[PDB]
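**Q** need the 3D shape of this:
(2 chains)
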2 protein chains.
Amino acid sequence: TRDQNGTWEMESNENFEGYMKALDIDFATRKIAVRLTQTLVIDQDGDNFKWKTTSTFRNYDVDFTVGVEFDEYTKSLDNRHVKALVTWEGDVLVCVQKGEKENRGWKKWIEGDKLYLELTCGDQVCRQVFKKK
Amino acid sequence: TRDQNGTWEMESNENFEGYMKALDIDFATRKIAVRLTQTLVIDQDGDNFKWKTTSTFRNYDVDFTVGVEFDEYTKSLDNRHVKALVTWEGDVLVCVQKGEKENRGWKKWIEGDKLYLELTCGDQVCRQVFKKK
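**A** Residues are numbered from 1 along each chain as shown, chains lettered A, B, ... in the order given. What follows is the structure:
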């Protein structure tokens, strides 16, 4: 069949590394790229193709219980070992990440259909907002 | 509410760059990371949290018609300008990507519920397989 319509989920990817090196794609970005899974969404009508690609990366699972300190290795970020404590302040879930970096942590809470997350390291603050699907 | 169960899709991400630099995450990987969208899937039962994170990147749309050569800029790969021609060989969709790199192209076809894709540059071959969702 010539019909390639649909949603296609990558299951295998062999020698992506050598193909990328042959294209002179720099080392640091090859290192990340070979970790990705791709999903392809093909819209085919006759000899007209349109298709969208999305590269995805599954980060680490983190599970914990509020009030019980745990060890965390922040792979896929800076890869340091921190001692994380998670508590409630009212509605606000607060985590202190004891380790080399001072003032390292985050705060998480709901307002409406929005989830707010502020991540802090040193003097630096990163603010993220998510919508509920 | 303390109930943070659900699927949450990132809509905003501010000063991710400075937070990452404060964590001494190297330049090349910050450059990619600030392009990602995150989806969080939270499973909360009482004071027990489990959550999965997935970082995604939307690649470029490519649309073309078989038999009509077109210009392609391969952003999010090597960012070169190629002249791409797409033809059918039997069931097999064949693309030749005329440009600086010799023997640059790919071949795409269906066998079963699998989509096969081979990408070639120079002497190097990359083979990918997708399953139909």
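**Q** hey, where'd the helices end up in chain A?
**A** Taking DSSP state H as the test, the helices found in chain A are A:16-22, A:27-33.
**Q** which residues touch the last one?
**A** Contacts to helix A:27-33, defined as Cβ atoms under 8 Å, 6 or more residues apart in numbering or on different chains, come from residues A:16-17, A:20-21, A:25, A:55, A:57, B:26, B:28-29, B:32. Heads up, the C-betas are built off the backbone N, CA and C, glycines and all.
**Q** now which of these would you call buried?
**A** Buried residues within the contacts of helix A:27-33, counting neighbours by 16 or more other Cβ atoms under 10 Å in any protein chain shown: A:16-17, A:20-21, A:25, A:55, A:57, B:29.
**Q** how about those in a markdown table, adding distance to residue A:112?
**A** Below are those laid out as a markdown table (distance: Cβ to Cβ, whole Å):
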| residue | distance to residue A:112 |
| --- | --- |
| A:16 | 41 |
| A:17 | 45 |
| A:20 | 43 |
| A:21 | 47 |
| A:25 | 42 |
| A:55 | 31 |
| A:57 | 29 |
| B:29 | 33 |
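**Q** nearest to residue B:63 among the residues you listed?
**A** The nearest member of the buried ones among the contacts of helix A:27-33 to residue B:63, counting by Cβ to Cβ, is residue A:55 at 18.9 Å.
**Q** next up, the contacts around that closest one.
**A** A:33, A:36-38, B:56-57, B:59.
**Q** which one's the longest strand in chain A?
**A** Secondary structure of chain A per DSSP state E: the longest strand is strand A:48-58.
**Q** can you show me the CA trace of that strand as PDB?
**A** Extracted C-alpha coordinates of strand A:48-58, given in PDB (Å, rounded to 0.1, in the frame of the first residue of the first chain):
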ATOM      1  CA  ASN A  48       0.100  15.600  -1.500                       C
ATOM      2  CA  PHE A  49       1.800  15.100   1.800                       C
ATOM      3  CA  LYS A  50       1.700  17.100   5.000                       C
ATOM      4  CA  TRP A  51       3.300  15.700   8.200                       C
ATOM      5  CA  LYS A  52       4.200  16.900  11.700                       C
ATOM      6  CA  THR A  53       7.000  15.500  13.800                       C
ATOM      7  CA  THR A  54       7.300  15.700  17.600                       C
ATOM      8  CA  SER A  55      10.400  14.600  19.500                       C
ATOM      9  CA  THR A  56       9.800  13.500  23.100                       C
ATOM     10  CA  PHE A  57      11.900  12.700  26.100                       C
ATOM     11  CA  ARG A  58      10.600  10.800  29.200                       C
END
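**Q** paired strands for that strand, with orientation please.
**A** strand A:37-45 (antiparallel), strand B:48-58 (antiparallel), strand B:62-65 (antiparallel) (DSSP bridges).
**Q** got TSV for those, with distance to residue B:5 too?
**A** Output for those, formatted as TSV (distance: least, Cβ to Cβ, whole Å):
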stretch	distance to residue B:5
strand A:37-45	25
strand B:48-58	10
strand B:62-65	38
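**Q** out of those strands, which gets nearest to residue B:127?
**A** Residue B:127 lies closest to strand A:37-45 among those, at 13.3 Å (Cβ to Cβ).
**Q** hang on, the earlier thing: return the distance of the longest strand of chain A from the chain's centre.
**A** 17 Å (Cα atoms, centre = their mean, to the nearest Å).
**Q** next, the buried residues of stretch A:52-64.
**A** Buried residues in stretch A:52-64, counting neighbours by 16+ other Cβ under 10 Å, are found at A:52-53, A:55-57, A:59, A:64.
**Q** and for the closest residue to residue A:84 other than its chain neighbours, the neighbour number?
**A** Excluding the flanking residues, the one nearest residue A:84 by Cβ to Cβ, 6 or more residues apart in numbering or on different chains is residue A:72, at 4.6 Å. Using other Cβ atoms under 10 Å in any protein chain shown, residue A:72 has 18 other residues around it.
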